[PDB]
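Let me begin by presenting the structure, written as structure tokens, before commenting on it.
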Amino acid sequence: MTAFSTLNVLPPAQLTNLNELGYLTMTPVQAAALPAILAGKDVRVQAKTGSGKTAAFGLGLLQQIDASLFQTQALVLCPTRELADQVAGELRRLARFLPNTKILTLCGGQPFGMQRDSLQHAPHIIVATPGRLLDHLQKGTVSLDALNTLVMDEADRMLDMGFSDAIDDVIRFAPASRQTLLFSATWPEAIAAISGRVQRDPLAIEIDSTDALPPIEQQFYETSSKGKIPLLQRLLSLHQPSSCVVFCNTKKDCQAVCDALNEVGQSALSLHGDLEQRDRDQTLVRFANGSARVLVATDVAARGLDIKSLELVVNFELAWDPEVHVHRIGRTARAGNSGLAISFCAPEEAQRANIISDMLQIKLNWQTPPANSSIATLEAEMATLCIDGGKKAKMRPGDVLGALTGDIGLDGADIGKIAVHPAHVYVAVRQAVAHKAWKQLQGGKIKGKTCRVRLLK
Amino acid sequence: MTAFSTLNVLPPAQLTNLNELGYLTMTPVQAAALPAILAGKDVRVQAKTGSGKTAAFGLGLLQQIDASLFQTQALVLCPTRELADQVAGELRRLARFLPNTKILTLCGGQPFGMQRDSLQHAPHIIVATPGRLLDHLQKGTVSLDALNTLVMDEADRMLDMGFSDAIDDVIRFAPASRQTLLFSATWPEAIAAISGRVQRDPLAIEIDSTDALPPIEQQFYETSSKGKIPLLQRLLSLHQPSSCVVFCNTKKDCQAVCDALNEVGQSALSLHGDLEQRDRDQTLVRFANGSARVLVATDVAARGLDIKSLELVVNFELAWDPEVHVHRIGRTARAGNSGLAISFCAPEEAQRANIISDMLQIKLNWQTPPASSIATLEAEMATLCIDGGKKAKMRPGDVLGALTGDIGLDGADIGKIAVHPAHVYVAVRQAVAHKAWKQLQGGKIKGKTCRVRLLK
RNA sequence: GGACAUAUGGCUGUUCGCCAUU
RNA sequence: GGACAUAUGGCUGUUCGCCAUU
Ligand SMILES: Nc1ncnc2c1ncn2[C@@H]1O[C@H](COP(=O)(O)OP(=O)(O)O)[C@@H](O)[C@H]1O
Ligand SMILES: Nc1ncnc2c1ncn2[C@@H]1O[C@H](COP(=O)(O)OP(=O)(O)O)[C@@H](O)[C@H]1O
Ligand code: BEF
Ligand code: BEF
Ligand SMILES: [Mg+2]
Ligand SMILES: [Mg+2]
């Protein structure tokens, strides 16, 4: 029985949904912010990473959704496409209590035409990045006239110098009589002081100070820039993390580190803005489901990404801003878990390490370099099958699991994460059984119908 | 220089284009119909199958294309989606003489929004099936206001009872002052009499009578309906055709025969209207490049499809109309080749065999069934599907360059390369297919990384 | 018969389905 | 720096590019 019932607002169908979903206890940010949000107040919330802010504003805006009114009623803004799809994915699971709730994602990298076609049936909720959404607004394919709530996730990033104009351009399409929710784990005083420009009489709910991190152990290594890649390979050999995210400050360094890790057999993929959007999506799928051991990324992955039970974060180079460092290490130690965050520091980056030390009021644990120089390989335990169809073909996870376990004859313990995307379904299978599964499912049948299956790298 | 120079009309760049393409001699329909078309006249043409009608109307409409004018100036209508894409494929090859010529296909099975997106830059030429084109016309995403030429390939099918309404609906968007070209190998007089409704004082160029077939040998077998599938398996085991098209009259029989052929190990794919369009496209790709030995199809493949050096056509059931029989067997013996067409005849279908006998002025060569065991038919190739296509600026040379250079493949192990709008299909011999797929998966084409799937 | 065509979404992790109207 | 964004096409089967204006 869920503790969310103590709010005395949510309908019984939502309480049953939360019980089936496993939301049995409210996190602090949920307990502190949901009553005000459900009452229609504007809020600015500050809570640490991985503490459930998504459901905090998601349960809030869902309470004011009328499924019979086929117009857009809630809008969520995110700084990155992968985060936007993730937030929309969790909103959909929270919206199960309300049948026929259409939640649409509007991001770049997708062709404009398919979004225009989907927008003829106006979605109740839009989760979007500012760029593609503004395009749709200017061409009259999206209307905000029926907007009840506007949410800005990672709101200090959405209000910075880079996003302010695009955010301002979007808000002129929004009604003034709206609930505006701003959520983030970090709030620079400059950004927080001006944050009222997009709100009406907001309540400040600052339950975690900026130095109140999740349980993250931090280690720091002195190294020249030239020694970073050899050090990283040796540290990954020492810790042997089940999953690891390595952060770089440039797209060039990001791809270079990924290629260096794959050259020594340490299963790595890259995630940055010069990749094709399909590769960005498939890389995140394969890293999350265990088809890759290490993810090398720029700050496109610094915020909000919720990779389950991430063991290790490595700062190949310290971020330009200390707030970004907080978001990076926040990729681990989520939802009550602990984590380890290693940071490399060249002499030019010493001052950024000092700024992080002051802001977080932590003592840097400088480590002595490893005793062994041996570089071991890291093989990924899973491989990803990509089946054509997705939600358009009404292929649900039970169909994939049923087909894989039946005539194709696989053990249910050999199948990991199943992710249903709009046009594809991704399945994780143990590496040893992946090739047989691919060939047998290619000439088999799923849901009575024939399928097209790909085996990803 | 190519004999096309004797037309004294084509620009020099097109004469060079024809020589590089291998069009060194004009076919009869090209030699007989192109002067009138290049002079701007409406024509109704009757020429046998596989004798070059596409270039006949393709060179015609391209002569009146203004590349600086970014409006639709030529429209080609086809009865099937695969034929429309095929006709556009050869039009692009013929349009190399004119840089920056946009030829777009408008067919069903493709998402509407992506087509709307492409239509912001209006294409010079549209090749389309009537259904999806009319949708675009009614929604104002396509304009025929600047149309110079209108082509109806397989014009006798486009003017029949099933298409008449939609064709009229399309023509309502076209100018009356237009060149209208009608091509087909078959012309029922009833359809030919009403064909003038869409033309302006047309020239009739009927160089092949309906019985003037390409060199196609025909054999006929008496058989029960129950004995058809075992006979087919035995005939394919005897003949071992490198490629074969088996025609059925229903979508159910089409899939049933395909599955029975695969049960005895005779590499077969199916092509019919109940398939997803992606399956239809990939089936035609894999059959055309040798990744399957037998193609089982309904009459969706009866007309216009140009499969190179197709060895055998089998009529599992005789078509309802004799003209469709002409188009079916016309899938073989193309562009000067010979071919074999076997037909099965159940007692209920004897009447259809006689009608074919009269129309084609042939005496039926009835065969006695094979003395015979059922053998396997292995596909010699496998198809790699690379993501990108023309959207990613991938030209066939890039794929071949990556396969032969870094990945280290023999150039003689790579067959047909087909650049589609979003994908590139490559045929490689099955013995090397898995190695090619895996190494191209972790390799790079054109400097950039690729994501490669193996269809099989 | 065969073509042409066939909107947009919601729904249990052992499939072959069940719903909504835009 | 990193996000957001990044139109539509043409180019001769041994790639890593070259062009057009919408
Ligand atoms: N009340 C809850 N009970 C159990 N799990 C939760 C609860 N709220 C959130 N979670 C899960 O914990 C993780 C926290 O994710 P997220 O909301 O992205 O944190 P934040 O946005 O604050 O960084 C998510 O995987 C979410 O599904
Ligand atoms: N003048 C020519 N010289 C050589 N080959 C040609 C010539 N014209 C056409 N071809 C080829 O011959 C085949 C005839 O195809 P197609 O035009 O579809 O015939 P039809 O439309 O008359 O059935 C095609 O593969 C085409 O590329
Ligand atoms: F702060 Be959470 F990681 F969005
Ligand atoms: F008449 Be051809 F086969 F198009
Ligand atoms: Mg979040
Ligand atoms: Mg033709």
Side-chain angles (χ1 to χ4, degrees), chain A residues 20 67 70 79-81 92 95-96 98-102 104 107-109 117-123 129-132 135 157 162-163 166 249-251 272-273 298-300 302 319-320 324 391 394-406 412 415 418 445-449, chain B residues 17 20-21 67-68 70 79-81 92 95-96 98-102 104 107-109 112 117-118 120-123 129-132 135 157 162-163 166 249-251 272-273 298-300 302 319-320 324 390 393-406 411 414 417 444-448:
Chain A
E20 187 276 337
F70 294 108
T80 66
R81 310 166 178 175
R92 287 190 192 98
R96 296 169 63 245
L98 192 56
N100 305 315
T101 305
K102 182 178 179 174
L104 185 70
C107 302
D117 277 353
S118 170
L119 284 164
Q120 282 141 13
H121 176 196
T129 45
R132 183 52 66 86
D135 194 9
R157 180 62 67 213
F163 272 120
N249 285 6
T250 58
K251 300 187 285 282
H272 61 78
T298 70
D299 287 332
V300 72
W320 308 122
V324 178
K391 261 176 20 185
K394 306 217 173 293
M395 202 191 333
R396 59 224 203 279
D399 300 320
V400 172
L401 186 62
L404 283 177
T405 54
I415 296 97
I418 301 173
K445 295 181 178 292
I446 307 177
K447 231 182 133 79
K449 311 278 214 170
Chain B
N17 184 38
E20 197 279 337
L21 285 173
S68 63
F70 296 109
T80 67
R81 308 167 177 175
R92 289 189 194 97
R96 299 174 174 168
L98 192 55
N100 307 315
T101 305
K102 182 178 179 173
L104 185 70
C107 303
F112 188 94
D117 279 353
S118 170
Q120 277 199 67
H121 177 196
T129 44
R132 181 53 67 86
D135 196 9
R157 184 84 77 211
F163 271 122
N249 286 7
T250 58
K251 300 187 286 282
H272 60 78
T298 70
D299 288 332
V300 72
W320 307 122
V324 178
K390 258 174 218 296
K393 318 288 261 193
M394 271 195 282
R395 290 178 286 172
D398 300 318
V399 173
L400 186 62
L403 283 176
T404 54
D406 259 348
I414 295 98
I417 301 173
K444 45 191 64 173
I445 308 177
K446 193 186 256 275
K448 311 278 211 170

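Chain naming here is simple, since letters A, B, ... match the order of the sequence lines and numbering starts at 1 in each. Reckoned from all heavy atoms, side chains included, excluding hydrogens, waters and symmetry mates.
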Find the distance A:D299:CG to D:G1:P and express it as a whole number of Å. 14 Å
Label D:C4 north or south, basing it on the sign of the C1'-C2'-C3'-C4' dihedral. north
Donor-acceptor pair under 3.5 Å, B:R96 side chain vs D:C11 base: no
Look through every strand shown and name the nucleotide pairing with C:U14 as Watson-Crick or G-U wobble, where both distances are under 3.5 Å. none
Can you check the A:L98 CG to C:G10 P distance for me, whole Å? 12 Å
Looking for any heavy atom pair under 4.0 Å, which part of the strands does B:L21 touch: base, sugar-phosphate only, or nothing? nothing
Give a yes/no on whether any side-chain N or O of A:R81 is located under 4.0 angstrom from OP1 or OP2 of D:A5. yes
At 4.0 Å (heavy atoms only), tell me whether B:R132 reaches a base, stays on the sugar-phosphate, or touches nothing. sugar-phosphate
Sign of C1'-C2'-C3'-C4' at D:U14: does that make it north or south? south
Please confirm whether the shortest side-chain N or O distance from B:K251 to OP1 or OP2 of C:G1 is below 4.0 Å. no
Work out which heavy atom in B:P99 is nearest to a heavy atom in B:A67; give both atom names and the distance. O-CB, 4.1 Å
Establish, with yes or no, whether the OP1 or OP2 oxygen of D:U21 is under 4.0 angstrom from a side-chain nitrogen or oxygen of B:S68. no
Side-chain heavy atoms of B:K393 within contact of B:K448, under 4.5 Å: no
For D:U14 versus D:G10, give the span between their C1' atoms, rounded off to a whole number of Å. 22 Å
So CG of B:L400 and CZ of B:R395: to nearest 0.5 Å the spacing works out to 13.0 Å
Euclidean distance, A:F70 CZ relative to A:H121 NE2, rounded to 0.5 Å: 5.0 Å
Need one value for B:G273: base, sugar-phosphate or nothing, where a base atom within 4.0 Å counts as base even if backbone is also close, heavy atoms only. base
Check this for me: does the side-chain of A:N100 come within 3.5 Å of the base of C:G9 through a donor and an acceptor? yes
Phosphate OP1/OP2 of D:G2: any A:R157 side-chain N/O under 4.0 Å: no
Is there a donor-acceptor pair under 3.5 Å between the side chain of B:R81 and the backbone N or O of B:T129? no
Integer-rounded Å distance: D:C11 P and B:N17 CG: 10 Å
Sugar half of pseudorotation for C:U12 [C1'-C2'-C3'-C4' sign: + north, - south]: south
Nearest whole angstrom, please: distance from the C1' of D:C11 to the CG of B:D398. 11 Å
Give me the atom names and distance for the closest heavy-atom approach of B:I445 to B:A402. CG1-CB, 3.8 Å
Does D:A3 have its OP1 or OP2 closer than 4.0 Å to a side-chain nitrogen or oxygen of A:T298? yes
Have a look at A:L404 and say if it touches a base, only the backbone sugar-phosphate, or nothing, with a 4.0 Å heavy-atom cut-off. nothing
Closer to the 5' end of RNA chain D via nearest nucleotide, is it B:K448 or B:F70? B:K448
May I have the distance from B:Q120 (atom CD) to D:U8 (atom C1'), rounded to whole angstrom? 8 Å
Regarding B:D406, tell me which of base, sugar-phosphate or nothing describes its non-hydrogen contacts under 4.0 Å with the strands shown. base
Please give the distance between the P atoms of C:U12 and C:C16 as a whole number of Å. 13 Å
Using a cut-off of 4.0 Å on non-hydrogen atoms, how would the nucleic acid contact of A:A166 be classed: base, sugar-phosphate, or nothing? nothing
Is it the case that atom CD in B:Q120 sees more than 12 heavy atoms from other parts of the structure closer than 6.0 Å? no
Within this structure, what is the CG-to-P distance between B:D117 and D:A7, rounded to whole angstrom? 11 Å
Please report the sugar pucker of D:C16 as north or south based on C1'-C2'-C3'-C4'. south
Classify A:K447 by what it touches in the nucleic acid, base, sugar-phosphate, or nothing, heavy-atom distance under 4.0 Å. base
Looking at B:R157 and B:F163, what are the two nearest heavy atoms and their distance? O-CD1, 3.5 Å
Rounded distance (Å) that lies between atom P of C:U6 and atom CG of B:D135: 6 Å
When you measure from the side chain of A:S118, which nucleotide among D:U15, D:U8, C:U8 comes out closest? C:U8
Residue pair A:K447 / A:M395: nearest heavy atoms and the distance that separates them: CD-CA, 4.5 Å
Under 4.0 angstrom, heavy atoms only, what part of the nucleic acid is A:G108 near: base, sugar-phosphate, or nothing? sugar-phosphate
Measure from the side chain of B:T129, starting at C-beta and using heavy atoms only, and say which of C:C4, D:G13, C:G9 lies closest. C:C4
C1'-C2'-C3'-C4' sign verdict for the sugar of D:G10, north or south: north
Pick base, sugar-phosphate or nothing for A:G131, based on heavy-atom distances below 4.0 Å to the nucleic acid. sugar-phosphate
B:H121 ring over D:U22 six-membered base ring, under 5.5 Å and 30°: yes
Please give the distance between the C1' atoms of C:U8 and C:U22 as a whole number of Å. 7 Å
Does the side chain of A:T405 get closer than 4.0 angstrom to OP1 or OP2 of C:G13 through an N or O atom? no
For D:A20, the nucleotide meeting Watson-Crick or G-U wobble distances (both under 3.5 Å) is D:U8
Whole Å only: how far is the NZ atom of A:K394 from the P atom of C:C11? 9 Å
Contact class for B:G397 (heavy atom, under 4.0 Å): base, sugar-phosphate, or nothing? sugar-phosphate
Take A:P397 and A:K391, find for each the nucleotide of RNA chain C with the closest heavy atom, and name the residue whose nucleotide sits nearer the 5' end. A:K391
Which is more 5' along RNA chain C, the nucleotide nearest B:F163 or the one nearest A:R396? Just name the residue. B:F163
